[PDB]
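Same chain, two forms, each on its own as structure tokens: structure 1, then structure 2.
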Structure 1
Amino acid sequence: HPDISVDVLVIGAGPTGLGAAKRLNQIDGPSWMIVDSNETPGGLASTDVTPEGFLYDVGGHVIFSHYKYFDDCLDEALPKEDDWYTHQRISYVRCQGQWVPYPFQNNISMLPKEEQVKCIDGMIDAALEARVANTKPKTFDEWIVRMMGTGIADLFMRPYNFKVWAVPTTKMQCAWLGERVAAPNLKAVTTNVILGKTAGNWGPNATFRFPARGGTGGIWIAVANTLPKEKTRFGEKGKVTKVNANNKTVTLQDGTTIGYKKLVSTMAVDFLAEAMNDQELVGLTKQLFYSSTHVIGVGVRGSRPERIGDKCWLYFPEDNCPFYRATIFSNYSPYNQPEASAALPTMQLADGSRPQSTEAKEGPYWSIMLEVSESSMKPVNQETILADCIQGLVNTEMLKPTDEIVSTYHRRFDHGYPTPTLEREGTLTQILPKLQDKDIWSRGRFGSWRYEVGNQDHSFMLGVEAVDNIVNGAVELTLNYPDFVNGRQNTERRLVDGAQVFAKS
């Protein structure tokens, strides 16, 4: 007999595992427990802070929910109006020394005239070929060219995506992008070129809220706080080292054993295979591909410069900087960095030189958060990446050479993005059912490896839905039908369902 026994064991307390926990806690039927190797829940949705008091998420994290259930849990956890700030998405693409509103491909109207001609010519070819097309594109690259034309492909789509995915567009599928990549209408784009107009509102994150305190990580700490503490195990005491699928037994690092009837595993599925010592699974998970994410944080002295303004996040397709994206993280909440009265010495000028004075001085302060991808196809020099980022900020005019930097942050996250490669699905339809036969629900950003349902809300609901399938025979809709859930408001499942209303009488 094992040390502990539960009907449902949840591994991991990022958004996916917490979703499982929350639904299990609502149903309040089967016994359960949730473990995490980190004392602080949140996973890639966590927040670090520098010794100087600057917060950094794991890159730009902006919340946009497709589900009422997710909203219910966030509102429960952070119930007050001043727990949140609401912002409009102000996003731009750095191109040729200018800021082009997102989406690029719908704002051709802002480029030099010569490039406008190239882009519109390319789009005209695309439109005429689309008129007679009777086959679907097979690669991301093919998709880009069919919907945007070469001009736009070559100018922004191709270089930016290599810069983010860390694999060429020719290596990825295209079934995943309905809600990620705006497809330009020929007439609309041409109309804006003629009028000199802009169109900055495409997409599900055009308006967003952000937690007042603790960064994104504050959400998941507060959500975890609503769970019964005795059913949790976070820290070194909660680290899973072995999974024995056949005895339905999990062994923790400190030697504790947990028996289960059903397993919801939210750790990276490649790690789960290793932990299962299942050599067949190990070989299959090695057919998946992922990229690593470097997060660089820069704290800057001064009131927010006019050139920065209300910008939220920014795209960089060009070669004068190594990052693909920057976030004005200090725009998301005044508690993301120190108050103006805080005294801090300058560490360096943006041009790389030493400050004229070592003396601690006051603020105010603003804050830039940068992302750089890495993979076997796109290596990164880890030793110079911080300095390269800072020079890139100067190159792109986001920082003046004489700006004073008071804090720096750099952390590499090994599993950053699960890549939608051509091979992804053929591999997953082997992996997931094989795990499913053993009563293991592997779910989440790396649990199930599907980026198109890979944000905080998708993840949370993958966990909720896994439980709902285990207990109530529900369809796992987010897992198997991303386009279905992303194309509708999912209003039906609530934190208080009829089951609880009727039970309370």
Structure 2
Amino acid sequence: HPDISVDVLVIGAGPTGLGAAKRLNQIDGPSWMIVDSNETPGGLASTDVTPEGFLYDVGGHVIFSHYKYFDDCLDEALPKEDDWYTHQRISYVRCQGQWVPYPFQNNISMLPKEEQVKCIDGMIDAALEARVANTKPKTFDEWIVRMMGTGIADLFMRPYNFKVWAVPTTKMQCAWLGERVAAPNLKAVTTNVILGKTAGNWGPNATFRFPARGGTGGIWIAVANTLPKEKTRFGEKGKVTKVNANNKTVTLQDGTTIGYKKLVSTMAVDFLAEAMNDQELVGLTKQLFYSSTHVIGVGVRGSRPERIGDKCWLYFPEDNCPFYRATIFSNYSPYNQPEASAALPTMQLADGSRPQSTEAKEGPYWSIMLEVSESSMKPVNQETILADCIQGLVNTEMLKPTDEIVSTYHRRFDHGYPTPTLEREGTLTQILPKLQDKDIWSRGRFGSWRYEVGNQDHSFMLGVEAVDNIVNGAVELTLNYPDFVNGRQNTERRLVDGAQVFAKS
């Protein structure tokens, strides 16, 4: 008999595990327990802070919720109106010395005329081909070129996606992008070129909310806090080392054994296979491809520069900088960096030179967060990446050579992005049924390895739906039908359902 026994054991307390736990706790039927090897819940949705007081998420983290249930839990966790800040979804593509409003194709009036001609000519070819198309695109690359035409694809989506995924667009699938037909909106694009007009895809109703304090990681701490503490086990005490799927027993690092009837595993599925000592699953899961993420944070002295303005996130297809995306994290919340009266010495100037004075001075401060990808196809020199990113900041005109840097941050995350390669589904449809046959619901960004349902809200719901499948026979819609859950507002499932209402009387 094992040290402790529950009906449903949840491994991991990132958004996915927390979702499983939130639904288990709501149902309050079967006994359950959630473990995590980290004392702080949140997983990849956590937040670090430098010794100098600059918070950084694990790269740009921006919530768009497809589910009311997710909204219910965020609201419960952070209920005050000043627990959040609201911003418009402002993004740009850095291209040939310009900040081009997203979406790129609707804004190429900013490029030289000769290049506009090439772009439009390419999209004309794409529109004429789309008119007689009778096949679906088979690769990400085909999808890109059919949507954009060659000239536009070459400027942004092709080089950008390589810098993101660290694999060529020709080696990726495109089903994950959804069911929308790959075809240009030629009229929209030429209309903006003719009018000499720019237009981003944001406005008063295209907004997101960011937590006032603690960064994204604050959300999950708050959510976790709403669970019964005695049913949680976070820290070294909660680190799983072995899973005997046959005995439905899990062994933690401190030797504790847990018996379960159903397992919800949100750890990376390749780590699960190793922990199960299953050679067959180990074999299969090493067929899955992923990239690592280097997050670099740069704290800068001064009020926010006019040139940065209200920008939120930014895309970098060009090769004059190593990052694919930058986030003006200081725009998300004034509490993401020290207040103006806090004193910090300048560490270096943006151009790498030493400051004239070593003395500590006041702010105000602003803050840039950058992401660099790494794969077996795209190596990252960890000893020079910070300095190279900072050089990239000068090259892209985000910093002047003279800008004062008061804080740096660099961290490498081994499992960053699960790759939508051509082979992914072929591999997943062998792995998941084998785990399912053992009453193991492997779910999450790396639990189920599906980027298209790999955001915070998706992950959370993957955990919720896993519990709902386990207990109520619910369809696991997010897991199996990304296009379905993404094409609708999911209003039916709520933090308070009829069940708990009727029970309370």
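C-alpha atoms forming the largest set that superposes within 1.5 Å between two forms make up the rigid core. Residues are numbered by position in structure 1's sequence, first residue being 1.
*asked:* Core-aligned, between structure 1 and structure 2, one residue among 261, 231, 180, 411 moves its CA by 2 Å or more. Tell me which.
replied: It is 180; the other listed residues stay below 2 Å.
Classify residue 117 as shifted (yes) or not shifted (no) between structure 1 and structure 2, where shifted means its C-alpha moves by 2 Å or more with the rigid core superposed. No, shifts by less than 2 Å.
message: My question is whether residue 203 is one of the residues whose C-alpha shifts by 2 Å or more between structure 1 and structure 2, given a fit on the rigid core.
response: Shift at residue 203: 2 Å or more after core fit.
### Query
To one decimal place, what C-alpha displacement in Å is found for residue 106 between structure 1 and structure 2 with the rigid core superposed?
That residue's C-alpha sits 2.3 Å away in the other form.
Distance the CA of residue 157 travels between structure 1 and structure 2 [rigid core superposed, Å]: C-alpha shift for residue 157: 1.3 Å.
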